[PDB]
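Encoded as structure tokens, the structure appears first; notes follow it.
4 protein chains.
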Amino acid sequence: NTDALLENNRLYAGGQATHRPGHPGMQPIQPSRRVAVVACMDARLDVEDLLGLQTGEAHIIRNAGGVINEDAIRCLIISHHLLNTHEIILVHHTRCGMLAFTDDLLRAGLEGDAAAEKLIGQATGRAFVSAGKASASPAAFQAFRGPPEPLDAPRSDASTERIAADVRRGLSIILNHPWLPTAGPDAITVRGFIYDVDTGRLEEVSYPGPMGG
Amino acid sequence: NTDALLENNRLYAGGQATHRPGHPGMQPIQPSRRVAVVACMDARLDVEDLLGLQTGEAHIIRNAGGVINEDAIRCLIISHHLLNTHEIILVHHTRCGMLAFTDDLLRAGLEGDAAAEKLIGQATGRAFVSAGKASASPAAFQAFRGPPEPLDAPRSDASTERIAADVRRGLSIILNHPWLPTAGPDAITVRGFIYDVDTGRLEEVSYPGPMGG
Amino acid sequence: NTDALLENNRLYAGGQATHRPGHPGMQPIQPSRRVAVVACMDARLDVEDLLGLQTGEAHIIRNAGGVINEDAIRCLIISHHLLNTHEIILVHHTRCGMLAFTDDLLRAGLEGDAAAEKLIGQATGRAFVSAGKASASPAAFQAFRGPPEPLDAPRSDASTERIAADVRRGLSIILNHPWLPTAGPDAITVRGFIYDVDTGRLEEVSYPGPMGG
Amino acid sequence: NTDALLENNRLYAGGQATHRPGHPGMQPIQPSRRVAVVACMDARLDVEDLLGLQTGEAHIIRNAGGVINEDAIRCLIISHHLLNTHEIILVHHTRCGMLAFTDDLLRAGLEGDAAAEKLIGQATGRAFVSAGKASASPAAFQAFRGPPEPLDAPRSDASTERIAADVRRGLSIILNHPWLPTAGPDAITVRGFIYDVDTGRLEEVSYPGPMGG
Ligand code: NA
Ligand code: NA
Ligand SMILES: [Zn+2]
Ligand SMILES: [Zn+2]
Ligand SMILES: [Zn+2]
Ligand SMILES: [Zn+2]
């Protein structure tokens with residue numbers, strides 16, 4: 005499945021769509037390609053479109069960054085163990101917001117630190133307003149490791165490697181989690197990619213490799 | 005935005021698509037409709053298609069059930085506070101897998117309880133295989149409250165109310181979380197729906213109302 | 005260390021204390037017995053007293069039930085990897101509150117379900133008052149598997165086995181977590197017990213064995 | 005209760021113990037002083053001893069740092085709503101390990117980054133060994149905000165303020181959590197302190213005040 009979807013993505017990047025946007029009618033719950041995709045929530049990604057999936061074929065799991073966190077694992081456990089998927093595709097992407105802030109800055113700005121509140125407005129170009137109270141949850145915002153770049157900055161090699169390292173960490177989480185079988189007769193397989201939002205083209209991340217530093 | 009998307013969904017249910025499935029070219033990170041959607045990962049939902057969103061217009065957050073958990077809140081905090089969205093749409097759906105199991109059954113089957121392992125195979129129609137070890141994470145699978153129905157069962161009033169109660173709980177979480185402003189000049193608004201996978205049509209959930217029992 | 009502490013606990017159960025309750029003066033951060041204990045927060049447990057530990061000798065991690073959850077693992081990772089402990093002792097106990105409710109009842113009563121609110125008052129003997137709103141966090145209360153017994157009920161074999169199964173699940177979590185070494189030169193060892201609050205005596209839980217059903 | 009415990013702590017710091025270290029015999033589950041204490045797991049704290057609590061009087065919740073995270077809130081919800089406590093005491097402490105590392109360094113060293121692995125050995129004085137795989141959980145180690153000081157360093161004003169800010173964040177979490185009542189007839193009250201491990205004496209943290217930056 006994954007190589008056919010990469011060919012659909014080549015077409016997509018070149019200006020030819022493959023996803024059919026109408027309602028498919030009645031379908032069974034099990035994704036028919038036995039695939040789960042974990043991608044960023046970024047509005048510039050339409051995961052079915054950029055892979056040429058059709059409605060009904062894959063679970064589509066999306067969160068800020070496409071990070072493999074506890075919820076992503078919850079989703080993948082359900083997807084495989086209950087709903088029979090056995091392939092996972094990770095789609096991080098270029099110009100991701102998770103490159104542009106740190107957990108501590110956003111936490112301090114929500115808590116009410118006046119400096120952090122102002123700095124978040126300067127980083128985002130919007131009128132960020134502190135909540136003025138602390139919260140235990142979310143315990144982590146899961147910004148990519150490293151110091152921030154400008155929000156929505158053009159590509160750079162440094163940026164690409166930060167995104168790739170986060171993909172590799174997610175591959176390692178999946179390939180080492182006690183409740184996801186990634187070897188043996190019940191095994192799931194996984195591959196990870198970066199979607200370039202401006203070209204439309206996926207590039208694959210190497211694995212094993214560095215996982216964020 | 006939300007009422008125009010409901011009209012696109014009326015068209016979609018009736019067999020007329022609105023989403024354009026090609027790559028839109030270069031776009032800014034801020035979703036242009038200032039909307040975030042939280043939906044289930046179920047393969048039968050293509051969120052952009054069923055709402056007639058275009059690529060670039062909304063954050064698309066998807067997890068098993070479309071539940072508002074810690075990760076969903078992480079996503080919504082980033083979406084609003086960093087990326088300027090101010091409207092949220094919840095899309096649960098009919099025939100959801102989260103109606104068809106309990107946390108304890110899946111946990112016990114992954115841990116290695118032989119009875120639970122067999123019962124999960126009987127509930128799913130697949131060869132579920134225990135991992136044979138415990139895990140602290142995920143701490144909760146977030147199955148909808150109540151005893152299970154058959155996987156992918158036809159609609160029923162009881163089912164609909166179980167799904168609706170989970171939507172109302174998610175609306176209440178958003179409307180009471182310390183770090184999401186839902187009143188005042190920085191406020192976010194929210195509405196919740198159930199997508200019927202067989203008709204293609206959304207129906208709105210009342211709020212306030214019961215939140216699961 | 006653990007067998008000497010069991011002898012101190014034999015003395016404790018028989019009416020002879022071993023812990024010295026005065027301030028020990030200046031001490032280094034590394035626990036001098038290289039032990040971490042995870043126990044319930046129940047007021048009837050004084051962990052240093054019931055094991056005859058002295059101040060300075062062990063990390064003392066305590067939560068509702070003594071459950072091995074994400075925070076317990078966070079604590080144990082720090083305890084071993086940063087602070088050089090290499091032995092873990094689990095102390096669950098009899099008459100634990102985690103035998104006396106379910107996650108769903110407490111969640112529904114906090115959300116505002118009128119039935120659940122009344123039932124929690126009847127189970128607890130106090131005037132439980134709903135918060136009247138939902139929360140994403142805590143995602144799980146981690147009540148022991150199975151239907152509730154009366155709060156603070158006398159011992160029973162069924163109760164003991166429910167507590168033991170939760171201990172075994174915690175041993176399995178520790179012995180299978182990616183970030184706790186429990187084999188090789190950096191290994192940690194672990195044993196699990198039930199403290200009888202009325203006799204003062206520990207009893208050891210078998211492992212491997214059933215982990216909750 | 006809290007002021008009487010501070011007088012017991014004055015005695016404790018001066019060399020006079022108050023906690024009785026023998027088994028108290030049969031007791032009810034509800035803590036008799038209606039108090040919950042959240043403290044660090046640091047071996048140099050014996051919470052009952054340093055407050056002069058007796059066995060049976062208070063819930064004792066302990067984790068790395070005494071941080072108010074999701075598990076601490078789970079514990080406090082159970083403590084109050086089920087078990088009738090209505091006062092909370094926070095006890096952070098001097099020379100805490102949570103001042104001496106960052107989340108990212110420990111995460112990268114567990115994942116296998118060779119630089120981080122070596123740097124953690126240099127910070128801890130022990131042979132830290134990487135696990136060589138990533139994990140989604142624990143999602144956060146909850147080190148105190150700011151750059152690390154040496155492990156187990158002597159007191160400093162900067163250190164004290166870092167610890168105090170973490171106490172204030174925990175007070176704010178408790179005083180703003182949807183499921184802890186801290187006003188009205190079911191209200192809980194809370195105060196926060198720093199325990200000096202070398203003198204034995206508590207000092208109280210001001211609130212409201214800065215919550216970490
Ligand atoms: Na789509
Ligand atoms: Na003690
Ligand atoms: Zn992104
Ligand atoms: Zn679903
Ligand atoms: Zn207990
Ligand atoms: Zn500490």
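These protein sequence lines map, in sequence, to chains A, B, C and D.
Under UniProt numbering, think of the first position of the first sequence as 5, with each following residue one higher.
Under UniProt numbering, think of the first position of the second sequence as 5, with each following residue one higher.
Under UniProt numbering, think of the first position of the third sequence as 5, with each following residue one higher.
Under UniProt numbering, think of the first position of the fourth sequence as 5, with each following residue one higher.
We put the beta carbon where it would ideally sit given N, CA and C, even for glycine.
Report buried or exposed for residue i, applying the criterion of at least 16 other Cβ atoms within 10 angstroms of its Cβ.
i: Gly174 of chain A; result: buried
i: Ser160 of chain D; result: exposed
i: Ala40 of chain B; result: buried
i: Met215 of chain C; result: buried
i: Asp46 of chain C; result: buried
i: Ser134 of chain D; result: buried
i: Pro189 of chain A; result: exposed
i: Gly19 of chain A; result: exposed
i: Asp53 of chain D; result: buried
Counting only the same chain and skipping the five closest in sequence on each side, list residues whose C-beta sits under 8 angstroms from that of residue i.
i: residue 2 of chain B; result: The structure shown does not extend to residue 2 of chain B, since chain B is modelled only from 5 through 217, so no value can be given for it.
i: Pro158 of chain B; result: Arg99
i: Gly217 of chain C; result: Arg149, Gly150 and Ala169
i: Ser163 of chain A; result: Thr98, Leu103, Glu153 and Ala157
i: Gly113 of chain C; result: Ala120, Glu121, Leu123, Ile124, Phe132 and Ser134
i: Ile33 of chain A; result: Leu87
i: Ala43 of chain A; result: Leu49, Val51, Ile64, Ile65, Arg66, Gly70, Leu94, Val95, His96, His97 and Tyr199
Take residue i and list the residues in its own chain whose beta-carbon comes closer than 6 angstroms to its own, dropping the five residues that flank it on each side.
i: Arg37 of chain C; result: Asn5, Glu61 and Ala62
i: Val71 of chain C; result: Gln146
i: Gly196 of chain D; result: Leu94, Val171, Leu175 and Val209
i: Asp200 of chain B; result: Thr98
i: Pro35 of chain B; result: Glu61, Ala62, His63 and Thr89
If we ignore side chains and look at the alpha-carbon of each, how far apart do residue i and residue j end up?
i: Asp170 of chain B; j: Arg172 of chain A; result: 34 angstroms
i: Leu206 of chain A; j: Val51 of chain A; result: 11 angstroms
i: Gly150 of chain A; j: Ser176 of chain A; result: 19 angstroms
i: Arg166 of chain D; j: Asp108 of chain A; result: 14 angstroms
i: residue 4 of chain C; j: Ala21 of chain A; result: With chain C running from 5 to 217 in the structure shown, residue 4 of chain C is simply not present.
i: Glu91 of chain C; j: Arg130 of chain A; result: 51 angstroms
i: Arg14 of chain C; j: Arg24 of chain C; result: 17 angstroms
i: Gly101 of chain C; j: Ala68 of chain C; result: 8 angstroms
i: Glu74 of chain C; j: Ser141 of chain D; result: 6 angstroms
i: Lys122 of chain A; j: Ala144 of chain B; result: 36 angstroms
i: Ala104 of chain A; j: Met30 of chain B; result: 19 angstroms
i: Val209 of chain B; j: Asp117 of chain B; result: 38 angstroms
i: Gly136 of chain B; j: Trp183 of chain C; result: 18 angstroms
i: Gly26 of chain B; j: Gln58 of chain B; result: 10 angstroms
i: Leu55 of chain A; j: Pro28 of chain B; result: 14 angstroms
i: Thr128 of chain B; j: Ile65 of chain B; result: 26 angstroms
i: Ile82 of chain D; j: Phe132 of chain A; result: 35 angstroms
i: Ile77 of chain B; j: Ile178 of chain B; result: 8 angstroms
i: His96 of chain C; j: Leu9 of chain C; result: 16 angstroms
i: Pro212 of chain B; j: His181 of chain B; result: 16 angstroms
i: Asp202 of chain B; j: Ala17 of chain A; result: 32 angstroms
Excluding the five sequence neighbours on either side, which residues of its own chain have a C-beta within less than 7 angstroms of the C-beta of residue i, listed in chain order?
i: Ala138 of chain D; result: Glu115
i: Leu155 of chain C; result: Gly101, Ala104, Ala127 and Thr128
i: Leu110 of chain D; result: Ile124 and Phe145
For chain E, is any of its Cβ atoms less than 9 angstroms away from the one on residue i?
i: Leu55 of chain B; result: Absent from the structure is chain E; the protein chains it does hold are A, B, C and D.
Ranges of the beta strand (DSSP E) found wholly within the stretch 27-110 of chain B, counting only runs of at least 3: 39-44, 62-67 and 91-97
Selection of the stretch 119-142 of chain C by Cβ proximity to chain B, strictly under 8 angstroms: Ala119, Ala120, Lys137, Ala138, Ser139, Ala140 and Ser141
Curious, which full-length beta strand (DSSP E) runs of at least 3 residues does the stretch 176-217 of chain C contain? 193-199 and 206-208
Along the stretch 80-102 of chain C, what residues have a CB closer than 7 angstroms to any CB found in chain B? none
Determine which residues of the stretch 150-184 of chain D have a Cβ less than 7 angstroms from any Cβ of chain B, and write them out in chain order. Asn180 and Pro182
Within 8 angstroms of chain B by C-beta, residues of the stretch 204-215 of chain C in sequence order: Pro214 and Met215
Which residues, in order along the stretch 67-81 of chain C, keep a beta-carbon less than 8 angstroms from a beta-carbon of chain D? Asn67, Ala68, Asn73, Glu74, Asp75, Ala76, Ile77, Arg78, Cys79 and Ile81
Check distances from the C-beta atoms of the stretch 8-19 of chain D to those of chain C and list, in chain order, the residues that come in under 8 angstroms. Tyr16, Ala17 and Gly19
Start-end ranges of the alpha helix (DSSP H) lying completely within the stretch 115-166 of chain D, minimum 4 residues: 118-128
Determine which residues of the stretch 104-119 of chain A have a Cβ less than 9 angstroms from any Cβ of chain D, and write them out in chain order. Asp107, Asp108, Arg111, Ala112, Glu115, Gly116, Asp117 and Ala119
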